[PDB]
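The block underneath contains the structure these notes are about, expressed in structure tokens.
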Amino acid sequence: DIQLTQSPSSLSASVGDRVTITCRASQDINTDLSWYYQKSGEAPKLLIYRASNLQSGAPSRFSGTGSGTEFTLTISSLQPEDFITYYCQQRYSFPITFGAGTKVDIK
Amino acid sequence: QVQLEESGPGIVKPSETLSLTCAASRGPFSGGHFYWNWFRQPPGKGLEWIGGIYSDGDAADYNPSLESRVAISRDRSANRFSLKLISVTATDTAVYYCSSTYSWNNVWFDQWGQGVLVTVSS
Amino acid sequence: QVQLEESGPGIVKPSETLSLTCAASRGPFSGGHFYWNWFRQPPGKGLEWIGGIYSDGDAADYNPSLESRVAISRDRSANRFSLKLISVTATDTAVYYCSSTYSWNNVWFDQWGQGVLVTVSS
Amino acid sequence: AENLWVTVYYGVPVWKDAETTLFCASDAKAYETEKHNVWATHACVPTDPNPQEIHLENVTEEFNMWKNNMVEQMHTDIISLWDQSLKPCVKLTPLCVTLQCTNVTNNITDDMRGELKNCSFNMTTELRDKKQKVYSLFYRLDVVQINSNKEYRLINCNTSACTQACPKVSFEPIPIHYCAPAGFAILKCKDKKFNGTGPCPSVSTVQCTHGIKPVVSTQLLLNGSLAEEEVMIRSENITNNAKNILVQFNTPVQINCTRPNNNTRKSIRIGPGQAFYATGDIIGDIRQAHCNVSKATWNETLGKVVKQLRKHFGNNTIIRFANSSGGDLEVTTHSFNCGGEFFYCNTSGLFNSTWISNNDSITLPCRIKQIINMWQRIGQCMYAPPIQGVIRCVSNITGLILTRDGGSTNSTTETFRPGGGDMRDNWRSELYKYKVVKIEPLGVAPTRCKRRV
Amino acid sequence: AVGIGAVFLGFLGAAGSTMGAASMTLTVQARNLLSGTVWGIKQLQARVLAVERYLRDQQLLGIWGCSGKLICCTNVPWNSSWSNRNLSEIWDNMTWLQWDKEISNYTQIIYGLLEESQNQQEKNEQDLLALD
Amino acid sequence: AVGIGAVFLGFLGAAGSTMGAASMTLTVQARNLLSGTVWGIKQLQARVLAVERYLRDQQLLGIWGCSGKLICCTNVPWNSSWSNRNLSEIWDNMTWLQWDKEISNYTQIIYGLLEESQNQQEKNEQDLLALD
Amino acid sequence: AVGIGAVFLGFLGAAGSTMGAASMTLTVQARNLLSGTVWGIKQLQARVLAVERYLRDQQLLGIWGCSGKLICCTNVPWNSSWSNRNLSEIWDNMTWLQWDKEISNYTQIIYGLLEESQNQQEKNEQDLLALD
Ligand SMILES: *[C@@H]1O[C@H](CO)[C@@H](O[C@@H]2O[C@H](CO)[C@@H](O[C@@H]3O[C@H](CO[C@H]4O[C@H](CO)[C@@H](O)[C@H](O)[C@@H]4O)[C@@H](O)[C@H](O[C@H]4O[C@H](CO)[C@@H](O)[C@H](O)[C@@H]4O[C@H]4O[C@H](CO)[C@@H](O)[C@H](O)[C@@H]4O)[C@@H]3O)[C@H](O)[C@H]2NC(C)=O)[C@H](O)[C@H]1NC(C)=O
Ligand SMILES: *[C@@H]1O[C@H](CO)[C@@H](O[C@@H]2O[C@H](CO)[C@@H](O[C@@H]3O[C@H](CO[C@H]4O[C@H](CO)[C@@H](O)[C@H](O)[C@@H]4O)[C@@H](O)[C@H](O[C@H]4O[C@H](CO)[C@@H](O)[C@H](O)[C@@H]4O)[C@@H]3O)[C@H](O)[C@H]2NC(C)=O)[C@H](O)[C@H]1NC(C)=O
Ligand SMILES: *[C@@H]1O[C@H](CO)[C@@H](O[C@@H]2O[C@H](CO)[C@@H](O[C@@H]3O[C@H](CO)[C@@H](O)[C@H](O[C@H]4O[C@H](CO)[C@@H](O)[C@H](O)[C@@H]4O)[C@@H]3O)[C@H](O)[C@H]2NC(C)=O)[C@H](O)[C@H]1NC(C)=O
Ligand SMILES: *[C@@H]1O[C@H](CO)[C@@H](O[C@@H]2O[C@H](CO)[C@@H](O[C@@H]3O[C@H](CO[C@H]4O[C@H](CO)[C@@H](O)[C@H](O)[C@@H]4O)[C@@H](O)[C@H](O)[C@@H]3O)[C@H](O)[C@H]2NC(C)=O)[C@H](O)[C@H]1NC(C)=O
Ligand SMILES: *[C@@H]1O[C@H](CO)[C@@H](O[C@@H]2O[C@H](CO)[C@@H](O[C@@H]3O[C@H](CO[C@H]4O[C@H](CO)[C@@H](O)[C@H](O)[C@@H]4O)[C@@H](O)[C@H](O)[C@@H]3O)[C@H](O)[C@H]2NC(C)=O)[C@H](O)[C@H]1NC(C)=O
Ligand SMILES: *[C@@H]1O[C@H](CO)[C@@H](O[C@@H]2O[C@H](CO)[C@@H](O[C@@H]3O[C@H](CO[C@H]4O[C@H](CO)[C@@H](O)[C@H](O)[C@@H]4O)[C@@H](O)[C@H](O)[C@@H]3O)[C@H](O)[C@H]2NC(C)=O)[C@H](O)[C@H]1NC(C)=O
Ligand SMILES: *[C@@H]1O[C@H](CO)[C@@H](O[C@@H]2O[C@H](CO)[C@@H](O[C@@H]3O[C@H](CO)[C@@H](O)[C@H](O)[C@@H]3O)[C@H](O)[C@H]2NC(C)=O)[C@H](O)[C@H]1NC(C)=O
Ligand SMILES: *[C@@H]1O[C@H](CO)[C@@H](O[C@@H]2O[C@H](CO)[C@@H](O[C@@H]3O[C@H](CO)[C@@H](O)[C@H](O)[C@@H]3O)[C@H](O)[C@H]2NC(C)=O)[C@H](O)[C@H]1NC(C)=O
Ligand SMILES: *[C@@H]1O[C@H](CO)[C@@H](O[C@@H]2O[C@H](CO)[C@@H](O[C@@H]3O[C@H](CO)[C@@H](O)[C@H](O)[C@@H]3O)[C@H](O)[C@H]2NC(C)=O)[C@H](O)[C@H]1NC(C)=O
Ligand SMILES: *[C@@H]1O[C@H](CO)[C@@H](O[C@@H]2O[C@H](CO)[C@@H](O[C@@H]3O[C@H](CO)[C@@H](O)[C@H](O)[C@@H]3O)[C@H](O)[C@H]2NC(C)=O)[C@H](O)[C@H]1NC(C)=O
Ligand SMILES: *[C@@H]1O[C@H](CO)[C@@H](O[C@@H]2O[C@H](CO)[C@@H](O[C@@H]3O[C@H](CO)[C@@H](O)[C@H](O)[C@@H]3O)[C@H](O)[C@H]2NC(C)=O)[C@H](O)[C@H]1NC(C)=O
Ligand SMILES: *[C@@H]1O[C@H](CO)[C@@H](O[C@@H]2O[C@H](CO)[C@@H](O[C@@H]3O[C@H](CO)[C@@H](O)[C@H](O)[C@@H]3O)[C@H](O)[C@H]2NC(C)=O)[C@H](O)[C@H]1NC(C)=O
Ligand SMILES: *[C@@H]1O[C@H](CO)[C@@H](O[C@@H]2O[C@H](CO)[C@@H](O)[C@H](O)[C@H]2NC(C)=O)[C@H](O)[C@H]1NC(C)=O
Ligand SMILES: *[C@@H]1O[C@H](CO)[C@@H](O)[C@H](O)[C@H]1NC(C)=O
Ligand SMILES: *[C@@H]1O[C@H](CO)[C@@H](O)[C@H](O)[C@H]1NC(C)=O
Ligand SMILES: *[C@@H]1O[C@H](CO)[C@@H](O)[C@H](O)[C@H]1NC(C)=O
């Protein structure tokens with residue numbers, strides 16, 4: 001199984017601070033990875049698709065980069081609505097796995 | 001524009017059979033393949049993948065850890081798809097979601113819904 | 001967009017053979033007839049016409065006064081055309097030009113270039 | 001706000017009933033050799049390996065099997081293609097010569113007395129001035145006596161000259177698809193209880209229809225489709241007895257049709273490059289060609305048909321089955337093709353029963369005719385060449401063509417007999433669910449927008 | 001390869017949807033309108049007939065000053081005599097087939113009105129531009 | 001009669017030139033696209049096939065909102081994934097054939113993107129105009 | 001039913017009228033241009049020939065930047081060499097046939113000039129828009 005590791009596991013930052021979340025895959029998956037955003041009480045929603053094509057309707061402050069076994073989600077300016085949990089999901093061959101999850105909290 | 005609703009028993013006794021059903025919708029799209037997938041989100045941890053089924057085929061894919069305990073079927077006349085989990089344990093208490101992912105040209109949409117709570121207790 | 005360059009000996013002895021060569025260019029135009037013409041501009045007087053040759057044919061036209069002394073040939077592989085003048089006299093000292101005139105629909109362009117100086121002396 | 005203008009919409013999803021010319025399409029597997037066949041497959045466009053079928057949600061469409069142009073169109077197409085296939089083959093006009101015929105006492109069974117006749121005659125060879133005396137075997141239904149000596153002539157000699165079919169050409173039916181051209185659509189009714197006409201709420205659109213095998217048969221529907229729900233009955237006017245009744249089976253009935261005679265093919269040189277294939281001496285015993293069906297399966301199918309018919313003719317009605325009343329051999333017998341040989345089977349043993357309001361196999365005899373006048377046409381006959389060895393075929397009976405006898409008042413009983421004679425009824429069993437429509441992309445609508453002045 | 005497919009807006013399968021909802025799939029059907037010696041001639045005749053039908057439709061669109069546009073507003077007023085109704089129940093409740101059935105009677109007069117309005121607009125625009 | 005001829009921009013003879021230089025001769029080839037019982041039927045079939053090809057190309061151009069224009073800008077962004085390169089080396093060094101060879105892989109996705117963008121633009125323009 | 005009829009602008013019956021007066025009936029003739037195994041093939045060939053003629057005319061109109069418009073002004077100046085005359089006697093005294101007879105000599109040069117002007121205008125517009 002392809003194991004996805006997210007760093008940091010939990011992060012605390014203020015509004016407007018630039019934050020970075022990194023996901024590592026146990027094996028090469030090329031560019032077939034995406035990131036989803038979720039808050040407790042609501043179903044997860046896609047944030048960045050293919051790690052290089054911004055999902056329609058999502059804020060432009062979220063950027064996806066990287067390929068292979070290293071992917072990066074960067075938020076230039078944090079927002080009150082951005083204090084959510086971010087997951088990395090590999091869109092590679094089965095089985096399908098999701099990242100550990102990074103929690104963003106207000107400091 | 002596909003909205004998926006979950007139904008099933010709120011509380012299932014341990015080692016019993018847990019049956020959930022969800023309504024499949026196609027939206028404005030007229031032809032293609034829809035991958036109706038069942039998931040679970042146990043409290044205190046991240047989401048997990050249970051299985052999935054194609055719209056144009058009865059072939060079913062299941063998580064390797066739940067191959068012998070998870071089955072998924074569908075009925076096109078009612079446009080529903082059901083998930084049956086046997087030998088339910090305390091770890092099966094989760095928020096079960098029925099999701100569908102569109103596959104339009106180089107977009108890869110995804111819709112999940114709201115899910116249903118399932119608790120395993122005696 | 002055709003630019004024509006002239007080459008040949010700067011000084012030619014009297015009664016010798018004067019050979020000049022020019023590079024033919026077609027420009028953006030793909031099909032048609034190009035009239036590669038040789039002229040001369042002796043110092044202190046106006047321009048004079050020597051001869052001309054078609055692009056699609058080997059037929060050559062020459063000035064009546066220089067019919068027996070002027071010949072013009074061409075080679076398509078190198079896209080060059082040469083002018084040979086025999087029995088060169090002191091009056092042949094001139095600025096020789098190789099010119100091409102386009103014939104697009106009711107426009108009649110014309111390009112000349114820069115020419116080359118030829119002096120006849122002993 | 002209230003003021004609104006007219007706006008034009010193109011490529012609109014609307015249609016109307018219309019008739020056009022569809023085109024044939026065949027599977028790519030037929031391209032792998034097998035280029036010689038009656039139903040030209042090299043001339044048909046290759047089919048889509050994954051045909052698209054688009055379901056029309058919230059759409060109800062009115063279908064009418066009987067007033068369908070596809071059935072007539074494809075019947076005409078089949079007739080024309082058959083004529084075109086038979087055109088390059090040998091013209092069998094010299095066979096119209098006096099024949100000296102005798103009986104065949106070669107270990108014939110009691111039921112095959114006089115069916116086969118040994119006929120000798122003169123015929124032109126490759127050289128016109130020379131002639132050859134040759135003998136062959138002909139079935140009794142192919143020669144007529146002309147009046148000591150016994151002289152017979154081919155039955156067609158006073159009608160037309162037959163065209164012997166090319167032996168390399170295969171009579172085996174192949175799946176065929178009909179696709180509408182650009183600007184037209186084909187609608188399929190997915191309703192499993194559809195009775196052939198009326199509204200249909202479950203509809204889909206398909207570029208090309210499913211594979212259709214143009215099987216030629218009478219009183220039976222061989223190798224046809226099967227209804228998903230149960231046995232179904234379709235009729236233009238069920239009350240009117242003058243209209244045929246099409247019955248579709250839920251499950252097929254296996255039928256084994258065999259000609260056990262070990263036939264021999266003999267080549268005769270009529271002229272320059274003209275070869276005539278005749279039936280030579282039969283090796284071994286001679287037995288009547290016959291077809292077998294399962295008695296229990298046929299009985300259960302007839303019971304289901306009786307129940308579904310009582311659903312239309314009242315519960316307390318006696319349902320009787322009788323054989324064909326009479327007429328020409330084409331309609332009075334189940335006529336079809338098996339491995340290149342034409343069979344005419346006497347079905348009196350399959351429609352002989354009565355039903356009140358409350359490992360054995362059925363064997364029926366069959367006759368062989370080498371001269372065929374199909375499509376009910378006169379003046380165009382084909383001479384079917386004989387085929388060496390025994391002939392055996394296994395087929396599926398999936399439908400029936402029935403006719404109701406006119407009952408006086410309410411005689412609390414009804415009799416149904418096998419009928420047909422029109423291949424259009426046979427075709428209608430497969431194209432019932434399909435309709436052709438024409439698109440009208442233009443459309444005017446009211447919209448508040450107003451074009452700039 | 002995670003279970004994705006095509007999910008493409010195909011044939012008239014969206015006809016059963018509402019007016020505005022079905023307006024999404026006009027172009028796919030417009031493109032489909034050009035999908036592509038006794039039988040080849042017949043199929044060629046069918047192809048040529050489809051070609052003439054599409055070209056006549058394009059000519060009709062161009063005559064009304066709407067060439068190259070799936071949706072084109074016009075200056076012809078919408079007379080209430082044909083079908084009054086109201087905007088809300090048209091684009092959200094009625095399908096395209098029902099609308100075509102309802103308005104099938106007065107199509108020719110609409111075509112003529114659009115023709116005359118477009119011709120008048122073209123002449124007025126030519127005169128106005130020549131004025132400048 | 002002083003040696004003049006035709007010197008007309010003819011057939012694809014300019015294909016070997018650069019991108020921008022070859023853009024001069026697009027219309028002549030566009031016009032050439034319509035140059036004009038067992039053999040006449042075949043030549044008629046060839047003519048009809050050419051007609052359908054050109055008409056399908058025109059329909060594709062119209063669907064993207066570029067009908068009647070040899071050159072038509074569009075609102076679809078140029079993703080660098082297909083071929084990054086840069087503007088200077090494209091229109092002055094590479095020929096049309098090389099560009100077609102390079103970009104032959106992703107043509108269909110470009111067509112779909114142009115289709116979707118044109119449809120969205122048409123609907124937005126209709127809504128905006130109805131607002132006024 | 002008070003004696004009314006059709007009174008429709010039909011075929012070329014208005015050709016004998018003046019230039020401007022006959023400009024009314026251009027669209028009806030434009031629509032008429034598409035009115036609709038040894039004889040069917042010949043009639044199909046006639047239909048296909050008419051189709052190619054109309055499509056070539058439409059292509060010529062589009063090449064000059066006048067697609068979808070019966071009347072389209074252009075940037076080519078009207079040289080007096082062809083036929084000086086004056087505006088008043090042209091659109092009020094001379095018929096279309098006489099004008100075609102008079103100007104039949106220089107049609108090709110007009111077509112080429114319109115082609116070149118439209119191409120130059122398209123390139124200039126593209127450069128100007130890319131500038132913004
Ligand atoms: C309803 O549908 C069923 C199911 O398809 C159908 O039954 C099938 O009928 C066809 C047509 O008669 C049968 O095909 C023929 O079968 C035999 C034997 O060949 C097959 O079987 C053997 C062993 O099983 C295989 O090794 C072999 O590959 C075949 O599968 C032959 O009679 C036929 O072959 C001759 O005819 C062909 C004509 O197309 C030639 O291509 C072929 O080369 C053969 O001709 C040669 O031999 C002849 C005899 O020696 C000679 O006269 C020729 O000149 C030439 O040399 C043909 O393959 C098929 O097997 C049946 N299927 C089953 C399962 O039984 C029903 O007929 C159909 N019902 C109706 C009413 O249409
Ligand atoms: C349909 O009817 C035709 C005739 O119209 C029949 O064809 C004839 O069939 C008979 C019976 O088989 C044939 O006679 C046999 O032919 C063979 C060849 O014989 C050769 O030798 C004899 C002299 O020995 C010559 O006269 C003859 O021309 C041949 O050169 C042999 O199989 C037979 O000979 C053997 O049997 C006889 C029987 O008494 C003995 O006397 C012989 O010594 C020998 O053992 C016999 O002659 C006849 O030739 C066929 N004629 C033709 C023209 O083909 C068909 O058989 C019939 N079909 C059916 C199904 O009934
Ligand atoms: C299709 O097949 C059916 C039968 O499957 C057939 O009907 C039968 O026709 C025959 C005539 O061909 C009828 O007459 C019979 O003919 C012979 C010779 O006599 C015998 O089989 C029968 O005689 C026996 O039975 C008689 C009555 O029981 C006895 O008196 C007699 O001693 C013999 O035992 C009989 O006379 C025969 O009756 C019918 N069968 C039935 C069941 O009706 C039909 O003709 C065939 N159709 C075609 C077009 O060939
Ligand atoms: C075939 O016809 C069906 C019946 O009309 C169509 O179903 C409709 O589907 C549309 C979306 O495509 C729905 O619109 C949504 O509806 C609700 C609004 O709430 C109302 O409806 C819900 C459920 O019926 C109910 O619980 C509420 O009390 C309201 O009455 C919201 O989800 C959205 O805002 C949106 O408006 C229609 O409601 C729905 N109609 C029904 C179910 O009757 C179907 O789409 C048609 N098929 C096609 C292919 O067009
Ligand atoms: C086939 O390929 C040939 C090789 O690329 C093309 O030749 C080119 O032709 C263009 C005009 O069509 C020339 O552009 C002009 O070049 C010079 C710029 O100066 C530079 O080149 C000259 C001569 O090579 C040299 O002396 C200088 O030092 C510079 O290096 C100027 O005249 C103009 O400004 C203009 O830019 C190309 O230079 C020329 N390339 C060469 C000769 O390598 C030929 O046109 C192609 N054929 C077709 C039909 O397109
Ligand atoms: C065929 O040619 C005929 C001869 O030219 C055309 O007749 C012309 O018809 C137009 C209208 O279509 C008339 O224009 C009107 O004329 C008068 C102007 O007054 C002058 O003419 C009248 C009568 O001739 C005369 O009494 C006066 O003194 C003037 O000389 C007014 O009614 C209007 O303002 C308008 O301009 C032409 O005058 C008329 N010409 C004649 C009769 O010579 C005929 O229309 C042509 N047919 C077609 C189908 O086009
Ligand atoms: C094929 O052609 C042959 C050869 O011509 C035909 O045989 C001939 O048949 C006739 C009519 O039966 C014979 O005439 C009769 O012959 C005998 C002996 O004379 C007698 O019965 C009568 O007096 C009369 O003349 C004729 O002799 C005979 N020829 C030969 C050479 O045998 C034959 O009839 C034709 N048809 C067939 C089906 O074979
Ligand atoms: C196949 O099914 C269709 C319906 O899907 C049948 O058509 C229906 O036939 C019945 C009579 O059998 C019609 O009812 C009659 O209609 C009129 C008006 O009321 C009148 O004559 C009688 O009072 C009676 O109600 C019914 O209207 C008709 N439906 C349609 C939509 O046409 C058809 O008969 C069936 N065919 C067979 C062979 O069973
Ligand atoms: C389906 O077939 C039935 C049965 O033939 C048709 O009903 C029949 O309709 C005809 C008229 O079309 C009736 O004839 C007339 O009947 C009465 C009483 O005699 C009288 O008005 C006239 O003198 C004339 O004879 C006929 O009686 C009637 N049959 C029955 C049994 O009711 C029915 O019309 C057919 N349906 C369709 C859709 O074609
Ligand atoms: C169709 O059904 C009929 C009737 O059952 C079959 O005829 C029967 O075929 C069997 C098997 O060949 C025959 O048995 C054999 O008969 C002889 C004489 O005893 C001998 O070869 C063997 O010892 C064996 O018993 C049987 O006699 C024959 N007739 C009847 C009345 O049963 C026929 O074969 C079936 N056809 C097919 C294609 O299945
Ligand atoms: C028509 O002919 C077919 C064969 O071409 C017959 O099917 C065959 O029927 C025999 C029995 O008559 C079957 O043999 C038995 O099968 C099973 C095991 O497969 C078992 O009961 C016995 O051990 C024995 O082997 C044979 O399998 C079967 N073949 C097929 C392909 O189905 C059919 O019965 C004939 N139909 C009629 C109406 O006579
Ligand atoms: C059509 O169906 C009828 C009615 O079932 C059949 O008639 C009956 O056929 C059986 C079987 O042949 C006859 O039984 C036999 O009758 C005589 C003595 O009566 C004798 O051959 C046998 O001992 C045997 O019992 C039965 O009599 C006969 N009934 C009548 C009233 O004729 C008929 O055979 C069926 N036809 C076909 C072609 O299946
Ligand atoms: C029909 O008769 C022919 C006569 O030729 C049989 O073919 C022969 O079969 C035997 C036995 O297998 C072989 O030894 C011979 O070589 C065959 N002869 C030829 C010329 O091929 C044929 O088998 C018979 N058919 C049946 C079904 O019994
Ligand atoms: C349309 O008009 C009808 C008839 O007056 C009315 O009942 C309905 O509410 C109207 N729909 C609107 C205002 O959306
Ligand atoms: C295009 O990019 C290449 C690769 O970086 C570079 O070498 C070249 O100079 C660029 N061309 C320009 C800037 O005109
Ligand atoms: C047109 O020019 C001619 C020739 O000079 C002149 O006679 C005539 O009056 C002019 N027409 C006008 C000015 O309307």
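For the structure tokens, the naming scheme is as follows: chains receive sequential letters (A, B, ...) according to their order of presentation, residues are indexed from 1 within each chain, and ligands are indexed from 1 in presentation order.
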Only residues of chain C matter here; which ones have an atom within 12 Å of chain G, counting only C-alpha atoms? Give them as a PDB file with N, CA, C and O atoms, in the first residue's frame.
ATOM      1  N   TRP C 104       2.897  41.346 -58.487  1.00  0.00           N
ATOM      2  CA  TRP C 104       1.651  41.078 -57.789  1.00  0.00           C
ATOM      3  C   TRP C 104       0.513  41.863 -58.444  1.00  0.00           C
ATOM      4  O   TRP C 104       0.731  42.743 -59.280  1.00  0.00           O
ATOM      5  N   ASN C 105      -0.718  41.529 -58.058  1.00  0.00           N
ATOM      6  CA  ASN C 105      -1.882  42.047 -58.768  1.00  0.00           C
ATOM      7  C   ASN C 105      -1.932  43.573 -58.771  1.00  0.00           C
ATOM      8  O   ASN C 105      -2.213  44.202 -57.746  1.00  0.00           O
ATOM      9  N   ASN C 106      -1.673  44.159 -59.942  1.00  0.00           N
ATOM     10  CA  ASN C 106      -1.790  45.598 -60.186  1.00  0.00           C
ATOM     11  C   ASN C 106      -1.019  46.427 -59.157  1.00  0.00           C
ATOM     12  O   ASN C 106      -1.521  47.417 -58.620  1.00  0.00           O
ATOM     13  N   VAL C 107       0.218  46.015 -58.878  1.00  0.00           N
ATOM     14  CA  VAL C 107       1.087  46.783 -57.988  1.00  0.00           C
ATOM     15  C   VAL C 107       2.409  47.091 -58.680  1.00  0.00           C
ATOM     16  O   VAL C 107       2.842  48.249 -58.723  1.00  0.00           O
TER      17      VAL C 107
END
Can you tell me which residues come within 10 Å of ligand 6 when counting only C-alpha atoms and all ligand atoms, ideally as an MDAnalysis selection string? chainID G and resid 13:19 21:22 92:93 95
Excluding same-chain residues fewer than 5 positions from residue 62 of chain F, what lies within 9 Å of it counting only C-alpha atoms, as number ranges by chain? E: 67-70; F: 57, 67-68
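Using only C-alpha atoms, the nearest neighbour of chain A within the list B:3, B:114, B:82, B:68 is B:114.
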Could I get the residue neighbourhood of ligand 9 at 7 Å, counting only C-alpha atoms and all ligand atoms, as a PyMOL selection string? chain D and resi 237-240
Selected residues, N, CA, C and O atoms, written as a compact mmCIF listing (two decimals), in the first residue's frame, please.
# COMPACT_ATOMS: atom_id res chain seq x y z
N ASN D 237 -54.16 -5.45 -34.06
CA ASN D 237 -55.53 -5.40 -33.54
C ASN D 237 -55.85 -6.79 -33.02
O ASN D 237 -56.20 -7.68 -33.80
N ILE D 238 -55.72 -6.98 -31.70
CA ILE D 238 -55.90 -8.30 -31.11
C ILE D 238 -57.32 -8.82 -31.35
O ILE D 238 -57.53 -10.01 -31.57
N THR D 239 -58.31 -7.92 -31.30
CA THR D 239 -59.69 -8.33 -31.57
C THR D 239 -59.85 -8.80 -33.01
O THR D 239 -60.56 -9.78 -33.27
N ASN D 240 -59.22 -8.11 -33.95
CA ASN D 240 -59.34 -8.47 -35.36
C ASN D 240 -58.55 -9.74 -35.65
O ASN D 240 -57.34 -9.80 -35.38
If we count only C-alpha atoms, what is near residue 100 of chain F at a cut-off of 12 Å, once residues fewer than 4 positions away on the same chain are taken out, given as a ChimeraX atom specification? /F:15,19,83,90,94-96,104-107
Of the listed residues B:39, B:112, B:96, B:81, that which approaches chain A most closely, counting only C-alpha atoms: B:112
